[PDB]
Amino acid sequence: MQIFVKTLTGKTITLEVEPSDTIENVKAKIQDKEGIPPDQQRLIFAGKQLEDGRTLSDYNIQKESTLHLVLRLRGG
C-alpha cells in the first residue's frame with residue numbers, strides 16, 4: 001500500500017509499504033530517498049511517536065495515510 005510522509009519544509013514523499021513493514025524499515029526507505037540518517041528522524045502519526053520495534057499495522061495505518069517527519073539536531 002502507498003503512504004505519504006510530510007516534511008517540516010512542506011514537502012510530501014510517497015512510499016510503497018506493507019502493513020507488516022517495521023517503522024525501522026520505513027525510516028530506512030526514507031534514508032534511501034532523502035539521505036537523512038534514521039537516528040535523526042522522528043515519525044509521528046495521529047499525534048503519536050512511532051517506535052522502531054513496531055509495525056505499521058500495529059498503529060492501524062491504512063492506505064493513503066499521511067505520516068509526519070520531524071528532524072532532531074544535536075547541535076544548534
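*Asks:* Any chance you could explain helix 1 (residues 23-34) here in plain terms?
*Replies:* Since the α-helix advances by 3.6 residues per turn, residues separated by three or four positions end up pointing in the same direction. Relative to the 16 Å expected for 12 residues at 1.5 Å per residue, helix 1 spans 16 Å between its end C-alpha atoms, a close match to the ideal helical length. Among the residues of helix 1, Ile23, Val26, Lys27 and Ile30 are the ones counted as buried. Viewed end-on, helix 1 has its buried residues packed into an arc of 100°, placing them on one side of the element. Here the buried face of helix 1 lies against strand 1 (2-6), strand 2 (12-16), strand 3 (41-45) and strand 5 (66-71). Just downstream of helix 1 lies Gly35, where phi reads positive at about 80°.

*Asks:* Looking at this structure, I do not really get the UniProt feature "domain: Ubiquitin-like" in the protein. What am I missing?
*Replies:* Taken from the UniProt record, the annotation "domain: Ubiquitin-like" applies to residues 1-76. The distance from the first to the last C-alpha atom of residues 1-76 is 37 Å, and the span holds 16% helix and 30% strand.

Rules used throughout
Residues numbered from 1 in each chain as written, not as in the entry; some residues may be left out. Heavy atoms only, no water. Helix = DSSP H or I, 4+ residues; strand = E, 2+ residues; numbered from the N terminus. Expected span 1.5 Å × (residues − 1). Buried < 20%, exposed > 50% of the residue type's maximum accessible area, 1.4 Å probe, protein only. Arc of directions from axis to C-beta. Contact = heavy atoms within 4.5 Å. UniProt positions renumbered as here; feature names shortened; annotations may be inferred.

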